[PDB]
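All remarks here apply to the structure that follows.
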Amino acid sequence: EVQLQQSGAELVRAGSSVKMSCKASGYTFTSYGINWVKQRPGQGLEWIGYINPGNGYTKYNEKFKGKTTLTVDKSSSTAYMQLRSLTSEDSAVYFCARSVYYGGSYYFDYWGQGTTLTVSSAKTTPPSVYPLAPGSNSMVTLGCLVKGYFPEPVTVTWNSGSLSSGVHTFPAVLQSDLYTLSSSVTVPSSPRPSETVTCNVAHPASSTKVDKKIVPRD
Amino acid sequence: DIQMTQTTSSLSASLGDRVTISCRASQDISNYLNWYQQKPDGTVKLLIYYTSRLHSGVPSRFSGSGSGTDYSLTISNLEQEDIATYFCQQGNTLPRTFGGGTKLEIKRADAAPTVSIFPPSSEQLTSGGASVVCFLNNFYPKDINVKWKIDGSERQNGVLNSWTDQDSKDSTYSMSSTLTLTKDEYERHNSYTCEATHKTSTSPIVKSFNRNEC
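Rendered as structure tokens:
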């Protein structure tokens, strides 16, 4: 089977650079070109460029040329891309896909899982969990604010997961060079403040686990 | 270069519906148009190629056509697995270009958001900061607007919003708005309001609180 395993995600400072991998398998490496696409949350894929493993003939998309260099290792049948002096608008997901022939004009028939590049300069930083409680009818929504952490990810749970349904954990946003997210849970009025409702926030990178209890009043 | 346009970012359908996603080149592509599917998990797969029509190993319900500038993909019978984002791609001129994509979603009965507002926590106030959060959960369609009013007026700065993809059990959407001030600014005012405007009704759903009342 045609397989393309791309390198893991990379976290690197702006101004620097980075070379990511794409390793082909299940087919003759040099008989098919490799292309690279760029995807930012802001929809759309951008066609970076295309390199022919057999000859090493690259062809770039003006808009990426100069800062981008496509190379390959016709030995470990692995294809590489290098991005220099990184900017934030470098932050994104990069795919490498095999290109193919029918009727004069290529197409990409096999892609990788993509690599996620994040260009920042913050450092492993734990978040501050803030309980969200109503101030001083049948169903009650509580929350928990996870602010000022970095880098993603952070895992949130309610009552160690015993409260699954009616939960909502929102995508993070970059506040001041850091991340912040929120999470809600909707439980009946009989449950809280009757019983205990606690958010379990885990932030791996900083080896942090927090259990904040949502208590009545402000 | 050649600009690829996909009118409709989001497209609604029920399971079992004939679905059609359009795509239009800025010129004559001479029938060199492809189609890729991308699941939420991020992966990308080829579906059709060469002005649509030509398959890969994909199910029969997928069909394609087009010519010159106007092209399209059609899924004769929408299947749950089909729910994703579809991009078209012209392979006629360099650089190779992509359409904006269209993301299917399921047809739910309009809902009206459940709005909750939450003053800042003592814990955070002690930090000197103050953040007022507001949830607008389980609503459909996905279009919504959240307006923050401090002491009955304006307020744009300090507002940060987050949205969730469509839910997989019910087909609703949800939204989290967060207004962050400094402890001091937060104490210089009294009523904080979170207004939600949703087609679900012409009168915004308003939720707020008074500090003096806490």
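As you go down the protein sequences, you meet chains B and A in turn.
Here the first sequence stands for residues 1 to 136, 141 to 222, numbered as in the entry's author numbering.
In terms of the entry's author numbering, the numbers along the second sequence are unbroken and rise by one, the last being 214.
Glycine included, every Cβ here is placed at the ideal spot set by N, Cα and C.
Exercise. Please determine if the stretch 173-193 of chain A and the stretch 150-161 of chain A are in contact, where contact requires at least 3 C-beta pairs separated by less than 8 Å.
Key: yes
Quiz item: Are the stretch 52-63 of chain A and the stretch 104-119 of chain A touching, with three or more C-beta to C-beta distances below 8 Å?
Solution: no
Self-check item: chain B contacts from the stretch 189-212 of chain A (Cβ-Cβ distance under 8 Å)
Solution: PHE209
Quiz item: At what residues does the alpha helix (DSSP H) containing A/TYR186 begin and finish?
Solution: Start at 1 with the first residue of the second sequence, and residue 186 of chain A comes out as number 186. That run of the alpha helix (DSSP H) goes 183-187.
Self-check item: Nearest residue (CA-CA) to B/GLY8, options B/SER25, B/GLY44, B/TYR94
Solution: Residue 8 of chain B sits at position 8 when you count from the first residue of the first sequence. Out of B/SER25, B/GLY44, B/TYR94, B/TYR94 has the C-alpha closest to the C-alpha of B/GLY8.
Quiz item: Counting pairs of Cβ atoms below 8 Å between the stretch 134-147 of chain A and the stretch 196-205 of chain A, do you hit three or more?
Solution: yes
Quiz item: For B/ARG98 versus B/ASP90, is the C-beta spacing smaller than 8 Å?
Solution: Working through the first sequence from its first residue, we reach residue 98 of chain B at position 98. Working through the first sequence from its first residue, we reach residue 90 of chain B at position 90. No, Cβ-Cβ distance for B/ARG98 and B/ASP90 is not below 8 Å.
Practice problem: Would you mind giving the Cβ-Cβ distance between A/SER116 and A/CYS134, rounded to the nearest angstrom? I have them listed as a contact below 8 Å. | Solution: By 1-based counting over the second sequence, the position of residue 116 of chain A is 116. By 1-based counting over the second sequence, the position of residue 134 of chain A is 134. The pair is a contact, with the Cβ atoms about 7 Å apart (cut-off 8 Å).
Quiz item: Who are the Cβ neighbours of B/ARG40 in its own chain at under 6 Å, not counting the five residues just before and after it?
Solution: In the first sequence, counting from the first residue as 1, residue 40 of chain B sits at position 40. The residues are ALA92.
Quiz item: Going along the chain, which unbroken runs of the beta strand (DSSP E) with 3 or more residues stay wholly within the stretch 155-218 of chain B?
Solution: 159-162, 171-173, 183-192, 202-207, 212-217
Quiz item: Does the separation of the CB atoms of B/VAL18 and B/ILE51 fall below 8 Å?
Solution: Taking the first residue of the first sequence as position 1, residue 18 of chain B is located at position 18. Taking the first residue of the first sequence as position 1, residue 51 of chain B is located at position 51. No, the pair does not count as a contact, with Cβ atoms beyond the cut-off.
Exercise. Would you be able to state if there are at least three C-beta pairs under 8 Å between the stretch 193-208 of chain B and the stretch 32-47 of chain A?
Key: no
Quiz item: How would you write the range of the alpha helix (DSSP H) that B/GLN5 sits in, first residue to last?
Solution: Position 5 of the first sequence, counting from 1, holds the residue named residue 5 of chain B. It is not in any alpha helix (DSSP H) - B/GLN5 instead sits in the beta strand (DSSP E) that spans 3-6.
Exercise. Assuming A/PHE139 contacts B/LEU45 (C-beta within less than 8 Å), just tell me the rounded distance between them.
Key: Along the second sequence, read from residue 1 onward, the residue named residue 139 of chain A stands at position 139. Along the first sequence, read from residue 1 onward, the residue named residue 45 of chain B stands at position 45. That belief does not hold up - the Cβ atoms of A/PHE139 and B/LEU45 are roughly 30 Å apart, past 8 Å.
Quiz prompt | Segment limits, alpha helix (DSSP H) that includes A/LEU125 | solution = Taking the first residue of the second sequence as 1, we reach residue 125 of chain A at position 125. First-last of the alpha helix (DSSP H) with A/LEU125: 122-126.
Quiz item: So is B/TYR27 in contact with chain A if we call contact Cβ pairs under 8 Å?
Solution: As a first step, residue 27 of chain B is located in the first sequence; it is residue number 27 there, counting from the start. B/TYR27 does not count as touching chain A.
Quiz item: Using the C-alpha atoms, what's the distance from A/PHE118 back to A/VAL132?
Solution: By one-based count along the second sequence, residue 132 of chain A stands at place 132. By one-based count along the second sequence, residue 118 of chain A stands at place 118. Cα to Cα, the separation comes out at about 6 Å.
Quiz item: With which residues is A/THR20 paired in a DSSP beta bridge?
Solution: Residue 20 of chain A sits at position 20 when you count from the first residue of the second sequence. Answer is A/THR74, bridged to A/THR20.
Quiz prompt | Three-state secondary structure assigned by DSSP to A/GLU195 | solution = Here residue 195 of chain A refers to the residue found at position 195 of the second sequence. Three-state result, A/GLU195: strand.
Quiz item: On the three-state DSSP scale, how would you describe A/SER131?
Solution: Here residue 131 of chain A is taken as the residue at index 131 of the second sequence, counted from 1. Three-state result, A/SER131: strand.
Exercise. Mind checking who B/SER75 pairs with in its DSSP beta bridge?
Key: By 1-based counting over the first sequence, the position of residue 75 of chain B is 75. According to DSSP, which records beta bridges pairwise, B/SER75 is partnered with nothing at all.
Exercise. For B/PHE154, decide whether its Cβ has a neighbour in chain A, counting only Cβ atoms nearer than 8 Å.
Key: Residue 154 of chain B sits at position 150 when you count from the first residue of the first sequence. With 8 Å as the cut-off, B/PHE154 does not count as an interface residue toward chain A.
Quiz prompt | Where B/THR78 falls, given that 16 or more other Cβ within 10 Å makes a residue buried | solution = Your numbering for residue 78 of chain B matches position 78 in the first sequence. With 16 or more other Cβ atoms within 10 Å, it is buried.
Quiz prompt | Contacts around B/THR159, its chain only, beta-carbon distance under 6 Å, and the 5 residues preceding and following it disregarded | solution = As a first step, residue 159 of chain B must be located in the first sequence, where it is residue number 155. Closer than 6 Å at Cβ, skipping near neighbours: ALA206.
Quiz item: In the stretch 45-101 of chain A, which residue ranges form an unbroken beta strand (DSSP E) of at least 3 residues, counting only runs that do not cross its ends?
Solution: 62-67, 70-75, 85-90
Practice problem: Could you tell me the boundaries of the beta strand (DSSP E) in which B/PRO131 lies? | Solution: As a first step, residue 131 of chain B is located in the first sequence; it is residue number 131 there, counting from the start. It spans 128-132 - the beta strand (DSSP E) in which B/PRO131 sits, taken as one unbroken run.
Exercise. Compute the Euclidean distance between the alpha carbons of A/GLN3 and A/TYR71, then round it to the nearest angstrom.
Key: Position 3 of the second sequence, counting from 1, holds the residue named residue 3 of chain A. Position 71 of the second sequence, counting from 1, holds the residue named residue 71 of chain A. So the two alpha carbons sit approximately 13 Å from each other.
Practice problem: Between the Cα of B/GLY135 and those of A/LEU33, A/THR114, A/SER208, A/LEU136, spot the shortest distance and give me the residue it belongs to. | Solution: Translated into the one-based positions of the first sequence, residue 135 of chain B becomes position 135. Of the candidates A/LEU33, A/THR114, A/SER208, A/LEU136, the one whose C-alpha sits nearest the C-alpha of B/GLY135 is A/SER208.
Self-check item: Interface residues of chain A facing residue 137 of chain B [CB-CB closer than 7 Å]
Solution: Note on chain B: numbering goes from 136 to 141 directly, and residue 137 of chain B within that interval has no coordinates.
Exercise. Please confirm if B/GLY66 has its CB atom under 8 Å from at least one CB of chain A.
Key: In the first sequence, residue 66 of chain B corresponds to position 66, counting from 1. False, the Cβ-Cβ gap to chain A never drops below 8 Å.
Quiz item: If the cut is a Cβ gap below 7 Å, which residues of chain B does A/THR178 touch?
Solution: Walking along the second sequence from the start, residue 178 of chain A turns up at place 178. Simply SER186.
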